[PDB]
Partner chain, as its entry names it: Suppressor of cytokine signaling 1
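In structure tokens, one chain follows: the form solved without the partner chain.
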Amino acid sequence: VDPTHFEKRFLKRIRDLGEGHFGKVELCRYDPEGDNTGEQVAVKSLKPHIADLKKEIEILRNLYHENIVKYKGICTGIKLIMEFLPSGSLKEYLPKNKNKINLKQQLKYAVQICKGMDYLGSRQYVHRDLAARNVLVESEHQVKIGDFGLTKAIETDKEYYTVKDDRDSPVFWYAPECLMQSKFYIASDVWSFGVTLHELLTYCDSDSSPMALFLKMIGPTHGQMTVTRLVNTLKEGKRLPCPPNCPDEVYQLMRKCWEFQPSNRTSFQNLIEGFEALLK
């Protein structure tokens, strides 16, 4: 028997966890004994794109890191089986736990995301969807990168992957090169980290979201010119403001993620040293 092969007949749905445009994550119990004693697992499936989910499954199967959600297996069409993290994402957790989470804990979460991202980077992968909604909460002390739906492999001796299909893109988290030429470098993930760091520092407050803040800067009435206006503001050197109660030294580390040219951005290794210096 293969412990990574899950039988559909024993995979019992409890409740929905969340959904995207094409994919959904559900809480299930894998109950072969039929008595509700089986382990609870997170299950990713496509709504009634199979090729992309199969590639996501193979990517996650070969990632092994404390700050990366654990692959458990598959249910053959296919479903992706992972460990279940009941606290859900930072987007859902932080607004409900401001009393539990202080700056020091926010900076440790920041270091944790950089380590998981730095490991993905070392495996020649670009995430392309690094946002707080994709960071899962293991406990009040630990976070994990929780989804790899847009992840792509960067070729050896090549510095980026060029994306053909940009239809479901989080443009308010995207670096200028991604917006202008659909070019995804590891430095593009560093740009997205800075935006995810802004979210985490504002406790994922809806009124202060990256989307809300940028629309206040560029104007909300440009329709189809919105990405063009976004690129214009970025070219002008304009950036997301300092989160309230965020010290300048943390803001300055965030500003280095957003250097217009990919080459001038601080790397994940560099950011880790930065946060650890502030924690000590």
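Each form is matched to the other, and the largest set of C-alpha atoms that superpose within 1.5 Å is called the rigid core. Positions refer to the first chain, counted from 1.
Below, we turn to the form deposited with the partner chain bound, even though it does not appear here.
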{"property": "The partner chain in the entry with it bound: contacted by all of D165, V171 and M180, heavy atom 4.5 Å", "result": "yes"}
{"property": "The partner chain in the entry with it bound: contacting segment from 247 to 255, 66 to 74, 226 to 234, 50 to 58, heavy atom within 4.5 Å", "result": "226 to 234"}
{"property": "Touches the partner chain in the entry with it bound: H222 (any heavy atom, 4.5 Å)", "result": "yes"}
{"property": "Contact of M211 with the partner chain in the entry with it bound (heavy atom, 4.5 Å)", "result": "yes"}
{"property": "Heavy atom of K144 within 4.5 Å of the partner chain in the entry with it bound", "result": "no"}
{"property": "is_contact(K91, the partner chain) in the entry with it bound, heavy atom dist at most 4.5 Å", "result": "no"}
{"property": "Within 4.5 Å of the partner chain in the entry with it bound: residues from 54 to 90 (heavy atom criterion)", "result": "none"}
{"property": "Identity of the moved residue from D205, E83, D166, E140, C-alpha shift 2 angstroms or more, core fit between this form and the one not shown", "result": "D166"}
{"property": "Core-superposed C-alpha of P220 shifting 2 Å or more between this form and the one not shown", "result": "yes"}
{"property": "Large Cα move at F22 between this form and the one not shown, threshold 2 Å, rigid core", "result": "yes"}
